[PDB]
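Engineer: I am attaching a structure below and will ask some questions about it afterwards.
Quick note: the coordinates plus some simple rules give every number you see, no bench work behind them. Virtual Cβ from ideal backbone geometry, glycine too; neighbours counted across all protein chains shown.
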Amino acid sequence: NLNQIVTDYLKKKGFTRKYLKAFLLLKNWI
Amino acid sequence: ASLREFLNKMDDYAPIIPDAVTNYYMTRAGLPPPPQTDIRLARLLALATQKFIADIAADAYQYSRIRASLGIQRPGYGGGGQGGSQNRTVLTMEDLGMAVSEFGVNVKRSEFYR
Amino acid sequence: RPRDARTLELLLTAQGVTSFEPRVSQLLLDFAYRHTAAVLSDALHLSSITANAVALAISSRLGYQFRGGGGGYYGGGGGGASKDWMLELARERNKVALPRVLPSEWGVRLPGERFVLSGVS
Amino acid sequence: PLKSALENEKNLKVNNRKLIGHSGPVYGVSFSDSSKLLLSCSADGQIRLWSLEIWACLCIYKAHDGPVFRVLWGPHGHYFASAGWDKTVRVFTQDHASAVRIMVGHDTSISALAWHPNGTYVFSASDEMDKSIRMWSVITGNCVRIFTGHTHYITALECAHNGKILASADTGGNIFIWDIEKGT
Amino acid sequence: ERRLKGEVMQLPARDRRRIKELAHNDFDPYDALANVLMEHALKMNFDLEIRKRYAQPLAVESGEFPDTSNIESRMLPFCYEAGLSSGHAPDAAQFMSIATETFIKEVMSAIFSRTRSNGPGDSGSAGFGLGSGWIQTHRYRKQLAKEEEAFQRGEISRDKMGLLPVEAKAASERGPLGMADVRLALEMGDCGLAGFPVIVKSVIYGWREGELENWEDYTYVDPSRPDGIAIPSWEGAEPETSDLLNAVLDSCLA
Amino acid sequence: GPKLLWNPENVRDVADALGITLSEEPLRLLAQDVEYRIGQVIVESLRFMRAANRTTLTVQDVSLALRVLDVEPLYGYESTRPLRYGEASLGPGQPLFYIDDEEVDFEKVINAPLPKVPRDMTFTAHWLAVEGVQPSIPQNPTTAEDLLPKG
Amino acid sequence: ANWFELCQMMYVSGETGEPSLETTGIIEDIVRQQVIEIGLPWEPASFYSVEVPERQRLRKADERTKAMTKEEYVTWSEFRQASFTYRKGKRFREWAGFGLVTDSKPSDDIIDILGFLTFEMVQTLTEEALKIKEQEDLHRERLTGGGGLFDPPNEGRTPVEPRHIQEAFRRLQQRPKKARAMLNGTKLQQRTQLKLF
Amino acid sequence: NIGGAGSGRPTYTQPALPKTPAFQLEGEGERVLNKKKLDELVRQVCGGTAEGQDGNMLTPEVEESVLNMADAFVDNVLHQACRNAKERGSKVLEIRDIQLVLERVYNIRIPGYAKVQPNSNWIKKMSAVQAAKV
Amino acid sequence: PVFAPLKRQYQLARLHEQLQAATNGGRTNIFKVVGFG
Amino acid sequence: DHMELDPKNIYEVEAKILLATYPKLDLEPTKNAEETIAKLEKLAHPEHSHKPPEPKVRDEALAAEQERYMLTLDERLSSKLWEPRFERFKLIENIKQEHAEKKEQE
Amino acid sequence: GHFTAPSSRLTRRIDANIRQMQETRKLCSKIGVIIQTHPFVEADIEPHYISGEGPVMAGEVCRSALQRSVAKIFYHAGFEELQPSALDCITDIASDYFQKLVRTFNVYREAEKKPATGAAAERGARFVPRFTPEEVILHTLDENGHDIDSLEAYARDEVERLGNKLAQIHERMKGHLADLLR
């Protein structure tokens, strides 16, 4: 079972439990 | 001989290979066509190819002639028909294989596939 | 249609290929013939020839070609390099910091003058 | 008609052009983030950076050994990644002539690529015995996820725009949907 | 699908039986990988002389080109491994050394021919004689012909090594062989390294020559330029004692 | 040993061509090795074919597969002429096949007419579906000839 | 065998010293290997079914000839007749293994051709080895007062060594690039047969 | 000195006439000749070097590659040759095996150290095929 | 086969031999710890 | 079963281990180059922020000669002009222990 | 004329040699009787239009033209009959050689630059190309077994010499036939 192997390995490793932009935008919207 | 004079005189050394073939294979190998690449260079490369092929053909003919006058063709070069017509020299596979084996190529085949 | 030529066709068909090109099976047959001839000549020169001679000839041949195939875990495919050596190289390369870039150069820079195609006309 | 920045070609009338210079079959192309740059990879083992303003090559990258099958710009257009025959993925930046990161861990050839929409993770897939997907970290170059379950050749990959979904397809007609965070 | 039946049945029955026999194969346990994984993870004691192979340093470790002594030292462990109890012939070390020298000379000659030009002439005592030489440019060829003609009249004399002034002048410019030349020469052919993939891969995967030094030299994209390129012209806690520990370790390693 | 798809009789024929006599064990070993090599070549060729978004195995793919494996190239297999197989008969139940090949004169070859030049590459456009419905125009396929669940 | 013919041929070609026995053995091995390894039909006239009837070496040689004495001239002329197969048919055929590799007793024209070829090989080998040795000495260049009773007058001249012969042989075996032009861009090992220099 | 106990041990302990060891009174020494060997080879194959310069013909990164080449070549050749020799029933290594390996795998020929025909079945098959062809 | 540089193999062999010597064939554990440091 | 882990499950085991090790990842899309640059700068790692390496680089004589001359024909000391391991002693101890243990039975 | 051999001094004298060989063969056949052929004509293609400006990419037509040229050269080498497989093999080899040559040219033309020295460094330039346009072409020819002199000789002398020899042989054949008839 994979779970048992994973648990064993994990235990063995000690795993504890600025304004120009707005201007251009406004012009493009206008 | 000089590169400059040879390139200038290239007008008198145009090979027999058409321009379409040269453009096709130059583009396949990664070189644009003559309009962007001096036509002299394309002609020079085609001339080199022609020289190589001519040398191979000469070697093949030399190999063929000696064989003309035990008496069994070498294994591995299956190819041919009835044997041609008249006493004409025929470009068979054995001569071509023996000739090109000098250039590093190998053209062995099988005769009876079973 | 010779034999083994109707069998290679079926083998390829049974693996997805929905089309073909005549003279492909001919190419495969000729390749098999040439490989057999080369291996047999090498074995004959090595040593009646035993199985040890054939094994030695194949082992010697494998030294400089056929370094591919679909090998999986620790199978010498895709070049034949060992995974540990590649991990060492990756560790060495993945140590340096990523290059620093500024928004004014994000998309317009290029490598040094020595590694560019400048003036090749 | 297409336009060229070279004065000698002022107002030339053509609507299709050619880019020559590869010496083998071409397997990938990626338009940049209009677009002014293009990438391409072929079977000779080279990656080329073209220009869509003068229509000529600018650089060549020679970090591969064997065919290159895929290439991809980044989501924003400064980084690109390439994978090929030698079972390794590399991440380049156009400012440098060498790979800045090398990513080992696959067991067979690569057959797909993708980028995370935030431009710091990369996906890849392999064929043959090892049909698994992986997710690398651009900062460290270490895998952080593996997805298994495919049984056929994987042909495509795609990452959702929100950034929490991944879709992959194979030659059996199956499409999978993966949860990146939970790997399920 | 209909034509599939006909295609299948076109074969003889014996071939069909041979094909159908495949189902009895015992699949792919690939247990042969066990030895590979293990490797990667009265009487004479033949195992005490094989272990001596690692005692002698390699050529790269020391910097000495292998000679008869090193090869002689290396021979015996291989023989004992393969089962040759008797040993090796007395005069094998010299043969092996000569073969190694010839191989290295051939490889180096292959690399040099594809990246150098204007080599020493063939007047006498120099050049390549009956071997394969380098190319010659027009101007250098003209000057060499003129100098060779002149030297017959006694006007000019050779240098200490037998090179005429033009040849010595040309040889002055050439610099040492680098890695760019090796990389370029490996694109043309194999250079005799068809059996050493590790060397070629190491060459390919290394840094580009002259990149670490010029790590911050860049160009820019600018279509106005001719080519689109614009060239710019607890005890002892580590977080506090780390420096001292590093210094002592550096002194220890030396 | 295992079961071999390659018939050892071909190995026997090749050995006979070289004047060599083989026992059963070396014959089996050689046949198995040749089978493995053919498998490797097929794997590489299919890899190259799939890399180009196709389901049609051509000769260029096999040539590339041979190139990556460091094998000597095979020349002359691109010819556009048809492939015709002859049929000899060694004896009852042992037919043999050969490649039909008839000699020709250089006149007939050099004087032949060139094939037709295919037109240039071009592209067009049309509407495959509008709001989920396929218009019945000439470009779209006819309704006469798998596109709807029925569970 | 043939040691003395080798010595005479070396003397003719510019080796006035006294080469040791190893040089002779190596040269004999090379020549034996080459020999064992070993208008016109293909001329333009052969294109038709029926035929119809018709109708720096020199400079050095001259300098040496001008720069030798009468006794040296006599010795040089006498050595010039040295041959491998001049009135030695049986000995050469035994030393060439004719029977084991071909039908025995060919014509004597073949023997004359073989002698000519062998003379040419020895000439070329000596001429190249001399240059190699001279270059080695020239690069290398850049304590007993009183005197004895058997001391040489001036010495200074030494013969060639086996290593020089080996280097010359390696130099002679190289082929033109036209035999490799078909392996460009690939990693294929080149393999060929012995080159008949 | 045979026996394997070792020589030169200053402890408590013979043939009639033992062989003298090897010694050199004064000279360059092997530590210099071995290092100069590579530059000598480069000079040999480079064509020649002008006065006032020598030695620095290979950059530091290429000498390491050359040395690795040499070591790998030696190891591979010896490993192949020993097995090849043991194959044919021999119990000692002779120059013939090394020469065979070098000739047939590397195209190297070192001087101065000392066929195939078809059988009847192939001829019969060729005759049958040719007869069927006509 | 699988390929890798010679240097790595030689260094690994030397290290393994030295460790086998030091640990006396695995009969002695030189990595044990007594106390709490 | 025999072996503690058959190869075919290696990929699944590694996937689960990696899932356990890295439970949380950054999966927030950006919108322009500046955001990506900022994210790259923020996430830098101490262990992967080094610098590129540096290019690889390459009167008493009479006394030394006298010493070398005086050390002529010395079998062992000449070569040197030493890492003891006590292998023979350990072999002797092992064999003695084996012999004593065997004698225990008899 | 795109798919036909150019016009120059080399294709001429080659057509001439082939025609002279055919005529002499006819005379020899007449002598033997005491058979007939027709001149080689290179075909062409119907008018073709191409968008933009680029090479005409058609594999079959180009391969057939190359095969025609190879057959012409092989016949000029003194052949009368052939086998299809041999022609296919030589055609494939020729195409591969062409591609190798062009790839070598491109490999040399775009190599990594080198540091400048001497007057180049004095002017301030740092890097200069490591192969000048002359050396690029010289290396391209050398790596494939060629030289300027060999190509010049092949283009200028061999064809002329063969033509002269063929003319002499034809004159001798005519004289012999006339004398035999008398």
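Engineer: Please count how many residues of region G:1-20 are assigned to a loop (DSSP other than H, G, I, E, B), buried (at least 19 other Cβ atoms within 10 Å of the Cβ) and in contact with a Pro (Cβ under 8 Å, 6 or more places away or on another chain).
Structural biologist: Result for region G:1-20: 2.
Engineer: Filter region B:23-44 down to the residues that are of a type in the set (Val, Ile, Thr) and more than 8 Å from chain K (Cβ to nearest Cβ) and list them by number.
Structural biologist: If the condition is that a residue be of a type in the set (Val, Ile, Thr) and more than 8 Å from chain K (Cβ to nearest Cβ), then B:37, B:39 are the ones that fit.
Engineer: When the residues of region E:77-118 are narrowed to those that are over 25 Å from residue H:110 (Cα atoms) and charged (D, E, K, R), which ends up farthest from the chain's Cα centre (by Cα)?
Structural biologist: Among those that are over 25 Å from residue H:110 (Cα atoms) and charged (D, E, K, R), it is E:81.
Engineer: Is there a residue being touching an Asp or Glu at 6+ places or on another chain (Cβ under 9 Å), under 22 Å from residue E:175 (Cβ atoms) and either within 11 Å of chain G (Cβ to nearest Cβ) or not acidic (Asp, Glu) (or both) anywhere in region K:86-108?
Structural biologist: So far as region K:86-108 goes, yes, one or more of its residues are touching an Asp or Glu at 6+ places or on another chain (Cβ under 9 Å), under 22 Å from residue E:175 (Cβ atoms) and either within 11 Å of chain G (Cβ to nearest Cβ) or not acidic (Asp, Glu) (or both).
Engineer: Looking for something assigned to a loop (DSSP other than H, G, I, E, B), surrounded by 13 or more Cβ atoms within 10 Å (Cβ to Cβ), within 17 Å of the chain's Cα centre (by Cα) and not polar (S, T, N, Q) - is there at least one such residue anywhere in region G:47-55?
Structural biologist: No, region G:47-55 contains no residue that is assigned to a loop (DSSP other than H, G, I, E, B), surrounded by 13 or more Cβ atoms within 10 Å (Cβ to Cβ), within 17 Å of the chain's Cα centre (by Cα) and not polar (S, T, N, Q).
Engineer: I've got another one for you. Output the residues belonging to region B:45-75 that are more than 7 Å from chain K (Cβ to nearest Cβ), surrounded by fewer than 22 Cβ atoms within 10 Å (Cβ to Cβ), hydrophobic (A, V, I, L, M, F, W, C) and within 26 Å of residue G:176 (Cβ to Cβ).
Structural biologist: Within region B:45-75, B:66 is the sole residue that qualifies.
Engineer: Turning to a different aspect of this structure: Restricting attention to region E:89-107, report how many residues are more than 7 Å from chain H (Cβ to nearest Cβ) and either hydroxyl-bearing (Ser, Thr, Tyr) or touching a strand residue (DSSP E or B) at 6+ places or on another chain (Cβ under 7 Å) (or both).
Structural biologist: Result for region E:89-107: 1.
Engineer: Turning to a different aspect of this structure: Residues that are under 24 Å from residue E:23 (Cβ atoms) and not basic (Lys, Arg): which helices (runs of 4 or more DSSP H) entirely in region F:1-84 hold 3 or more of them?
Structural biologist: Of the helices (runs of 4 or more DSSP H) lying wholly inside region F:1-84, those with at least 3 residues that are under 24 Å from residue E:23 (Cβ atoms) and not basic (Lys, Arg) span F:8-17, F:24-50.
Engineer: Hey, another quick one. Kindly indicate which of J:90, J:56, J:103, J:16 is loosely packed, with under 13 Cβ neighbours inside 10 Å and within 29 Å of the chain's Cα centre (by Cα).
Structural biologist: Residue meeting the stated conditions: J:56.
Engineer: When you scan region H:73-123, how many residues do you find that are farther than 28 Å from residue G:173 by Cβ and in contact with a strand residue (DSSP E or B) (Cβ under 8 Å, 6 or more places away or on another chain)?
Structural biologist: Going through region H:73-123 one residue at a time, the tally reaches 1.
Engineer: From the list D:99, D:81, D:160, which one is over 20 Å from residue J:11 (Cβ atoms) and touching a helix residue (DSSP H, G or I) at 6+ places or on another chain (Cβ under 8 Å)?
Structural biologist: Only one candidate qualifies: D:99.
Engineer: Go through the residues of region G:128-145 one by one and say whether even a single one is acidic (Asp, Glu) and assigned to a loop (DSSP other than H, G, I, E, B).
Structural biologist: The answer is no; no qualifying residue exists.
Engineer: Look through H:56, H:76, H:68 and report the one residue that is under 23 Å from residue E:107 (Cα atoms), out of contact with any helix residue (DSSP H, G or I) (no Cβ under 8 Å at 6 or more places or on another chain) and buried (at least 16 other Cβ atoms within 10 Å of the Cβ).
Structural biologist: H:76
Engineer: Those residues that are assigned to a loop (DSSP other than H, G, I, E, B) and within 11 Å of chain H (Cβ to nearest Cβ), I need them from region E:171-193; list them, please.
Structural biologist: The answer is E:174, E:175, E:176, E:178, E:191, E:192, E:193.
Engineer: Here is a further query. Do you know which residues across region K:140-166 are over 15 Å from residue B:52 (Cα atoms) and within 11 Å of chain G (Cβ to nearest Cβ)?
Structural biologist: K:161, K:162, K:163, K:164, K:165, K:166
Engineer: Among what's in region G:140-197 and is small (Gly, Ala, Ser) and within 14 Å of chain K (Cβ to nearest Cβ), pick the residue that is farthest from residue G:32 (Cα to Cα).
Structural biologist: Checked region G:140-197; the qualifying residue farthest from residue G:32 (Cα to Cα) is G:185.
Engineer: Only one residue in F:117, F:109 is assigned to a helix (DSSP H, G or I) and of a type in the set (A, V, I, L, M), so which one is that?
Structural biologist: Being assigned to a helix (DSSP H, G or I) and of a type in the set (A, V, I, L, M) holds for just one of F:117, F:109, which is F:109.
Engineer: Taking region D:50-61 only, how many residues are within 16 Å of the chain's Cα centre (by Cα) and either among the small types (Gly, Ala, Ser) or more than 8 Å from every other protein chain (Cβ to nearest Cβ) (or both)?
Structural biologist: Residues flagged as within 16 Å of the chain's Cα centre (by Cα) and either among the small types (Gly, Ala, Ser) or more than 8 Å from every other protein chain (Cβ to nearest Cβ) (or both) within region D:50-61 amount to 2.
Every residue, every condition in (1) under 30 Å from residue E:206 (Cβ atoms); (2) within 13 Å of chain J (Cβ to nearest Cβ); (3) part of a loop (DSSP other than H, G, I, E, B), yes or no:
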| residue | (1), (2), (3) |
| --- | --- |
| H:17 | no, no, yes |
| H:34 | yes, no, no |
| H:44 | yes, no, no |
| H:49 | yes, no, yes |
| H:65 | yes, yes, no |
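Engineer: Can you give me the ranges of the helices (runs of 4 or more DSSP H) entirely in region J:3-96 with at least 3 residues that are over 25 Å from residue D:103 (Cβ atoms)?
Structural biologist: Here the list reads J:60-70, J:77-80.
Engineer: Just checking, which of F:62, F:43 is more than 20 Å from residue B:113 (Cβ to Cβ), within 24 Å of the chain's Cα centre (by Cα), of a type outside the set (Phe, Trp, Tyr) and away from chain H (no Cβ under 14 Å)?
Structural biologist: None of the other options fit; the residue is F:43.
Engineer: I'd like to check something: does region D:115-129 contain any residue that is surrounded by fewer than 21 Cβ atoms within 10 Å (Cβ to Cβ), under 15 Å from the mean Cα position of the chain (by Cα), part of a strand (DSSP E or B) and within 9 Å of another protein chain (Cβ to nearest Cβ)?
Structural biologist: Checked region D:115-129: no residue is surrounded by fewer than 21 Cβ atoms within 10 Å (Cβ to Cβ), under 15 Å from the mean Cα position of the chain (by Cα), part of a strand (DSSP E or B) and within 9 Å of another protein chain (Cβ to nearest Cβ).
Engineer: Here is a further query. Would you mind telling me which numbered condition in (1) buried (at least 16 other Cβ atoms within 10 Å of the Cβ); (2) closer than 30 Å to residue F:18 by Cβ; (3) more than 7 Å from every other protein chain (Cβ to nearest Cβ) residue C:59 fails?
Structural biologist: (1)
Engineer: To continue, here is another question. Under the condition of being assigned to a helix (DSSP H, G or I), more than 7 Å from every other protein chain (Cβ to nearest Cβ) and of a type outside the set (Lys, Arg), which residue from region H:78-98 is nearest to residue E:50 (Cα to Cα)?
Structural biologist: Top of the filtered list is H:81.
Engineer: Same structure, new question: Under 30 Å from residue D:24 (Cβ atoms), among the hydroxyl-bearing types (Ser, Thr, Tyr) and exposed (fewer than 10 other Cβ atoms within 10 Å of the Cβ): does that describe residue F:143?
Structural biologist: So residue F:143 fails the test.
Engineer: So in region D:23-35, with the set limited to residues that are surrounded by fewer than 19 Cβ atoms within 10 Å (Cβ to Cβ) and of a type outside the set (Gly, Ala, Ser), which one is nearest to residue D:76 (Cα to Cα)?
Structural biologist: Among those that are surrounded by fewer than 19 Cβ atoms within 10 Å (Cβ to Cβ) and of a type outside the set (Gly, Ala, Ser), it is D:33.
Engineer: State all residues of region K:30-52 that are within 11 Å of chain B (Cβ to nearest Cβ) and buried (at least 17 other Cβ atoms within 10 Å of the Cβ); if no residue qualifies, say none.
Structural biologist: Those that are within 11 Å of chain B (Cβ to nearest Cβ) and buried (at least 17 other Cβ atoms within 10 Å of the Cβ): K:42, K:45.
Engineer: Here is a further query. Could you say whether any residue in region G:82-89 is away from chain K (no Cβ under 14 Å), exposed (fewer than 13 other Cβ atoms within 10 Å of the Cβ), over 22 Å from the mean Cα position of the chain (by Cα) and charged (D, E, K, R)?
Structural biologist: no
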